[PDB]
Every structure is written in structure tokens, then in C-alpha cells.
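This report concerns only the one structure given below.
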Amino acid sequence: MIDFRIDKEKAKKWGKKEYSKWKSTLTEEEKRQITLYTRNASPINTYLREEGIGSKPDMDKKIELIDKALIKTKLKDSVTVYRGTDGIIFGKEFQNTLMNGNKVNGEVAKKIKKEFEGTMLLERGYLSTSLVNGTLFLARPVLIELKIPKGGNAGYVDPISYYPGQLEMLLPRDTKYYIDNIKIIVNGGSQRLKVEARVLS
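Here the sequence shown stands for residues 305 to 505, where the numbers follow the numbering used here.
Here it is in C-alpha cells:
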């Protein structure tokens, strides 16, 4: 298991080796749609979460291209990736209930633990993650540490991302991940809920 933690220079070298092999399989239109997704991911992901395929044909065309691109690569090694988010992963009702200022609400954290530890989550949008636990995640209330198994589909998109430096690993839509552990962490200036999970591939 590879886990780069915060070592961006090591992570970048590893990811570029994965991208170098992927890029010779990608079409120019696939590359362009990946770039456009990284430029503004929310429309596509909201569409997938809320409307689903079939609603808007131009959106479906973009999603077909990204889908087709991500099955063209396979991890040589298992790897840990990171994603900052908020309570939405637990349902819209938990969003905006997690925090009381800079502290996690302990009763809400306990209920989330009891309700979601040992369960599978399903992400209908694409799942954008990073090879490193970047500083941008310090300001988010939930930190997901996700293990991706060797042979899994995940693409290192930083060399064509609109935001180079995010060290993004992009996972397919409808990814299933199992929650092994949920706990409060207190490092930095604000507490967060840490979710440790595994992609099932």
C-alpha cells in the first residue's frame, strides 16, 4: 500500500508514471472532457446525483467520454487517496449539522459513527480525490482517507487538469466504498470528522 501523506514531490512522480501509460490510450476528445470536468466539476456531478443519465443529451455525451476514458487505466499498486468534503456524503440532512464553530458536535459525530461505520456508500457523481492530503482539506469538515485496490480504475489527471497541483486521482462514477472507521480528529485549527474507507473494485 502506497500512501504519500503530504509528500507532493514523491506523489507527483508516481502519478505521472500512471498518467504516462494512460495518455497513449486516450483520444483527444477524452482528454478535453477530463480537462473541462476538472475546470468545473459541479454541473456534471450534480446532474449525476440529482437527474441521472437520459435527461440532457449534451451532458450524457460528456459523461460517456469520461466513463470511457477511466476504464482505460488500472492501478499497478494499491494506493491511498484523500478527499475533503462535508456532511453531504451522509445525506443532505447531516450536512451543516456536523460543526459547532471550530469543534465537531460530539453527539452528531457519535450518531454518524453508529449509523455509517460498517456500511457501504455509493457516489453517483465522479469521485475526485488527491494523492496527497493537501492544505485545502484543512478548511473542510470531513476528511476521507480512501484505499484504492491494485487493479482498480483510477486516473491521475493532474497533467491535464485545469488546476495543476491538486494531484487529482479521478475515480469512476457510481464508486462503492466501505467505511471501516469514523472518528473526530483535532489537528490544525478546526476539528474534523475523519472517514477511513476502502473502494470495492
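We put the CB at the ideal spot given by N, CA and C, even for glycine.
Would you kindly work out how many angstroms separate the C-alpha atoms of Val503 and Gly405, rounded to a whole number? As a first step, residue 503 must be located in the sequence shown, where it is residue number 199. As a first step, residue 405 must be located in the sequence shown, where it is residue number 101. The straight-line gap from Cα to Cα measures roughly 31 Å.
Measuring straight from C-alpha to C-alpha, what distance separates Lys327 and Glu449? Within the sequence shown, numbered from 1, the residue matching residue 327 stands at position 23. Within the sequence shown, numbered from 1, the residue matching residue 449 stands at position 145. C-alpha separation (whole angstroms): 27 Å.
Quick check on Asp484: does DSSP put it in helix, strand or coil? Here residue 484 refers to the residue found at position 180 of the sequence shown. In the structure shown, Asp484 sits in a strand (DSSP, three-state: E or B).
So, under 8 Å CB-CB, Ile348 and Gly429 are touching, yes? Tell me the CB distance rounded to an integer number of Å. As a first step, residue 348 is located in the sequence shown; it is residue number 44 there, counting from the start. As a first step, residue 429 is located in the sequence shown; it is residue number 125 there, counting from the start. So it is a contact: roughly 7 Å between Cβ atoms.
Would you identify the three-state DSSP class for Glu427, choosing helix, strand or coil? In the sequence shown, the residue the question calls residue 427 occupies position 123. In the structure shown, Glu427 sits in a strand (DSSP, three-state: E or B).
Would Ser432 be called buried (16 or more neighbouring beta carbons within 10 Å of its own) or exposed? As a first step, residue 432 must be located in the sequence shown, where it is residue number 128. It counts as buried.
I think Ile338 touches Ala315, with their Cβ atoms under 8 Å apart; what is that distance to the nearest whole Å? Indexing the sequence shown from 1 puts residue 338 at position 34. Indexing the sequence shown from 1 puts residue 315 at position 11. Actually they do not touch by this definition, with Cβ atoms about 19 Å apart.
Contacts around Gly422, its chain only, beta-carbon distance under 7 Å, and the 5 residues preceding and following it disregarded: In the sequence shown, counting from the first residue as 1, residue 422 sits at position 118. Residues of the same chain with a CB within less than 7 Å of the CB of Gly422, apart from the 5 flanking positions on each side, are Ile483 in chain order.
Can you check whether the CB of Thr384 is closer than 8 Å to the CB of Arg444? Translated into the one-based positions of the sequence shown, residue 444 becomes position 140. Translated into the one-based positions of the sequence shown, residue 384 becomes position 80. Their beta carbons are not under 8 Å apart, which means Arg444 does not touch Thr384 by this criterion.
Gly358 CB to nearest heavy atom of the ligand ZN below 7 Å: The ligand content of the structure shown is nil, which means the ligand ZN is not present either.
Contact belief for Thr401 with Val408 at Cβ below 8 Å, rounded distance in angstroms: As a working mapping, residue 401 is identified with position 97 in the sequence shown. As a working mapping, residue 408 is identified with position 104 in the sequence shown. About 10 Å; that fails the 8 Å criterion.
Please work out which residues of its chain come closer than 7 Å, Cβ to Cβ, to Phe441, disregarding the five sequence neighbours upstream and downstream, and give them in chain order. Walking along the sequence shown from the start, residue 441 turns up at place 137. Answer for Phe441: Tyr386, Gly388, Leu447, listed in chain order.
Could you check what DSSP says for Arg387 in three-state terms: helix, strand or coil? To locate residue 387, count along the sequence shown from 1; it is residue 83. Strand, per DSSP.
Look at the Cβ atom of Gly455, then the Cβ atom of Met473, and state whether they are nearer than 8 Å. Counting from 1 along the sequence shown, the entry for residue 455 is found at position 151. Counting from 1 along the sequence shown, the entry for residue 473 is found at position 169. No, the Cβ-Cβ distance between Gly455 and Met473 is not below 8 Å.
Among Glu334, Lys418, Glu427, nearest to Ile370 - alpha-carbon criterion: Along the sequence shown, read from residue 1 onward, the residue named residue 370 stands at position 66. Of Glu334, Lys418, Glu427, the residue nearest in Cα terms is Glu334.
Cα-Cα separation between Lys321 and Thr439, rounded to whole angstroms: The count along the sequence shown starts at 1 and reaches residue 321 at position 17. The count along the sequence shown starts at 1 and reaches residue 439 at position 135. Straight-line Cα distance between these residues: approximately 24 Å.
Straight-line gap, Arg353 to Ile452 (C-alpha atoms, nearest Å): Taking the first residue of the sequence shown as position 1, residue 353 is located at position 49. Taking the first residue of the sequence shown as position 1, residue 452 is located at position 148. Spanning the two alpha carbons is a distance of roughly 22 Å.
Kindly give me the distance between the Cβ atoms of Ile486 and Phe398, rounded to whole angstroms, as I take these residues to be in contact under 8 Å. The sequence position of residue 486 within the sequence shown is 182, counting from 1. The sequence position of residue 398 within the sequence shown is 94, counting from 1. For a cut-off of 8 Å, the C-beta gap from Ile486 to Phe398 is around 12 Å, too long to register as a contact.
Can you tell which of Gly410, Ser465, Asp478 has the C-alpha that lies nearest to the C-alpha of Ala345? Here residue 345 refers to the residue found at position 41 when the sequence shown is read from its first residue. For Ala345, the closest C-alpha among the options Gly410, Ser465, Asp478 is that of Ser465.
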